[PDB]
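There are 2 protein chains.
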Amino acid sequence: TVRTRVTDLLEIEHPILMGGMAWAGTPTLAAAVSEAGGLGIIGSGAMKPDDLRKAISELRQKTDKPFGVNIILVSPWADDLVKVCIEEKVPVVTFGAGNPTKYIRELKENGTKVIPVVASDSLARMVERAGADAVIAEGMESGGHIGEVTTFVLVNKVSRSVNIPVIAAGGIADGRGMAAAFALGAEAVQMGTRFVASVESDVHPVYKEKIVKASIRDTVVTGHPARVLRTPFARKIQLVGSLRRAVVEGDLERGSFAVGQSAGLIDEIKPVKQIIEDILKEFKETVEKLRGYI
Amino acid sequence: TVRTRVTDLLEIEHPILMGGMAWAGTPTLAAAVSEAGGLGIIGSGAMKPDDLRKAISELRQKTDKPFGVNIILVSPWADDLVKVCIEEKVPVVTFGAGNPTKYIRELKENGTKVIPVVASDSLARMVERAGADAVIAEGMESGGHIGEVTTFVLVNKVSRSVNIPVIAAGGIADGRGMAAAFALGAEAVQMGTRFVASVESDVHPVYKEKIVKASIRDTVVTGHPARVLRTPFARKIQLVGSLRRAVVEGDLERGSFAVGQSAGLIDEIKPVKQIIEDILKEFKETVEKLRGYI
Ligand code: NA
Ligand code: NA
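As you go down the protein sequences, you meet chains X and R in turn.
Just so we're aligned, residue 5 is where the first sequence starts under this note's numbering, counting upward by one.
Just so we're aligned, residue 5 is where the second sequence starts under this note's numbering, counting upward by one.
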């Protein structure tokens, strides 16, 4: 095991977060990641406050360990979903789709750790100023809605610009990537596609099979750009409910398969426990390898 | 100094290559990088055989150390430029814009090290089979014509797929990036924009100033996609001679400023010697930092 400012901040064992996408970020997958020592994350993007309350309850029936809730800022229920996180003492809240400054203070005053997802250097500095505990720097190789900067560049610039810990997201699916992210300045990694491709993930079996089969070149950017698998529906687009149809129904015809380029690094569906074991082992072997040079 | 399979293969001191873009890859910049212990590279993309012959001669008037020539496969003079490299005993030849399999054997039979630039896992395996000595895995954050895969993903997958050394290109401008690339599996790095932004680079002063001022978000992908600075001409395009107008004339109006996202990591024009010194120092500090975790 490796210790970082992020495992200290979040009071977890491993510096590894799952994605917490809508529909795929279920309490079942989040509970598995958290119990395994990482940070499971409930994706509330498609949730109403009642749905999130239930989701939090069923996660806590499985694990006592820390967990996060991801809130999409453009959701009509965003204010109320933040209020749910405060009332249910959610330990960690991540944000997507913009600047969550308006919520940071009330979350922090009530003891929640706040970690906005950013695709820019300027936004990172802004949310640091507004009180963020850490930031996720998400490169555009990730799946779903994306920014413009790649992980290799973004993590480097963001970590140099802030003093709070940086978490790298996008393109990370193994221990090599964890070491590479740490070299760029990150102190944890978020691996959305890798944990969607797990035994404990409840995405449709077809979703898992497509990730396994997909190469590093099998995603496309369509549209507010978003990265999805090169599926028939992604061709026809070049949208409402399309992500749910892929995740829940495995619909190859009109599902949007929001997966990142790291799908080309994923060749089999693994248990969450094995994923975390293999990451840590390869991270350590990679660092020993680098040490050989100096 | 750090030793890798690439410094052994190329018989150079440091595992650091410059870009060798057309117009910017001049003998003056290449000679400076090679004499400083890296691999300077003459960019022949806009050259006729006579031009390349002269270019090689003037580089050798400055340095006795190894150097490369980059050949663009779609150039009408590609066959003849390869023949020039054979006759003038060019130690290293890189290729861009496709599959250079048809030339590998004659170059290798005459003692030249052949390093194709690839943007895919499949092409990398193909050129390995055809006899390549190493491959440059170039992520789409680089400037100029680009593939689809980012460095973070591409270097990882490519290095796992071949046994020959992999050189990482795209997004690398400092020692952190060198360590990150090595973690993903690379054994050298190519830093086009970083060496264009050098005292010994002969690109127009405006070109250098734009790189310095540019942030990580100040490039755009236009068109055969190509990454350029967010300039008025890049807006109007959304082309013939446009790269020369930027590099040679510093034309903000109709120059194509082919620079990568790593321009946002570059805040000043440095001597080539200092660039290489700072890379090596930060690479070693980064590896020591990673060692702290294990
Ligand atoms: Na795959
Ligand atoms: Na800059």
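Cβ atoms here follow ideal geometry from the backbone N, Cα and C, with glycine treated the same way.
By the rule that beta-carbons nearer than 9 Å mark a contact, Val-216(R) does not touch chain X. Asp-137(X) and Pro-169(X) have their alpha carbons spaced roughly 7 Å apart. In the three-state DSSP reduction, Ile-16(X) falls in the coil class, being neither helix nor strand.
In terms of Cα proximity to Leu-21(R), the closest of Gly-189(R), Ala-267(R), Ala-59(R), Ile-176(R) is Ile-176(R). The stretch 64–80 of chain R makes no contact with the stretch 228–242 of chain R: fewer than 3 CB pairs, one atom from each, lie closer than 8 Å. If you check each beta-carbon in the stretch 122–148 of chain R against every beta-carbon of chain X, the ones closer than 7 Å belong to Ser-124, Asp-125, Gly-143, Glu-145. Taking a beta-carbon distance threshold of 9 Å, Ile-298(R) counts as an interface residue toward chain X.
As DSSP reads the structure, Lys-274(X) sits in a beta bridge with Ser-202(X).
The CB of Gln-265(R) comes closer than 7 Å to the CB of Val-153, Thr-154, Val-157 in chain X, given here in chain order. Taking the C-beta atoms as reference points, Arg-198(R) is found no nearer than 9 Å to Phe-287(R). Straight-line spacing of the CA atoms in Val-166(X) and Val-139(X) works out to 9 Å. Annotation for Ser-124(R) indicates a beta carbon at 8 Å or more from all heavy atoms of ligand 1. Check the Cα spacing between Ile-108(R) and each of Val-86(R), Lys-93(R), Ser-126(R): the tightest is with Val-86(R). Take the alpha-carbon of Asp-282(R) and the one of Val-159(R): they are about 23 Å apart. In terms of Cα proximity to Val-263(R), the closest of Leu-243(R), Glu-292(R), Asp-222(R), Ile-279(R) is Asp-222(R). Distances from the CB of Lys-112(R) to the heavy atoms of ligand 2 are all 8 Å or more.
Here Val-291(X) is buried, its C-beta having at least 16 other C-beta atoms within 10 Å.
In the three-state scheme derived from DSSP, where H, G and I count as helix and E and B as strand, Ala-230(X) is classed as strand. Residues of chain R with a Cβ closer than 7 Å to the Cβ of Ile-220(X) are, in chain order, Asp-125, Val-153, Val-157, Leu-158, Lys-161. Along the stretch 14–48 of chain X, none of the residues has a CB nearer than 8 Å to a CB of chain R. Between the stretch 34–49 of chain R and the stretch 211–219 of chain R there are fewer than three inter-stretch CB-CB distances shorter than 8 Å, so the stretches are not counted as touching. A contact is defined here as three or more CB-CB pairs under 8 Å, and the stretch 206–213 of chain X meets this definition with respect to the stretch 244–258 of chain X.
Nearest CB-CB separation between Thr-226(X) and chain R: not below the 9 Å threshold.
When DSSP states are grouped into helix, strand and coil, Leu-21(X) belongs to the strand group. Within chain X, no C-beta atom comes nearer than 8 Å to that of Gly-102(R); the closest sits roughly 16 Å away.
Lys-288(X) has a beta carbon lying within less than 9 Å of a beta carbon in chain R. Closest in C-alpha terms to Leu-111(R), from the list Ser-79(R), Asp-125(R), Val-94(R), comes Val-94(R).
For the stretch 161–223 of chain R, the continuous beta strand (DSSP E) assignments of 3+ residues that do not extend past its boundaries occur at 170–173, 192–194, in sequence order. Among the residues facing chain X, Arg-9(R) is not included, as its CB has no counterpart in that chain under 9 Å away. For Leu-188(X), the C-beta contacts it makes with chain R under 8 Å involve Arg-180, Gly-181, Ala-184, in order along the chain. In this structure, the straight-line span from the alpha carbon of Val-88(X) to that of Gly-148(X) is close to 25 Å. In the three-state reduction of the DSSP assignment, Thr-11(R) falls in the helix class.
If you look at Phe-99(X), you'll find it in the beta strand (DSSP E) that goes 96–100. For the pair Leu-77(R) and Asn-103(R), the CB atoms are nearer than the 9 Å cut-off. A heavy atom of ligand 1 is found nearer than 8 Å to the CB of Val-216(X).
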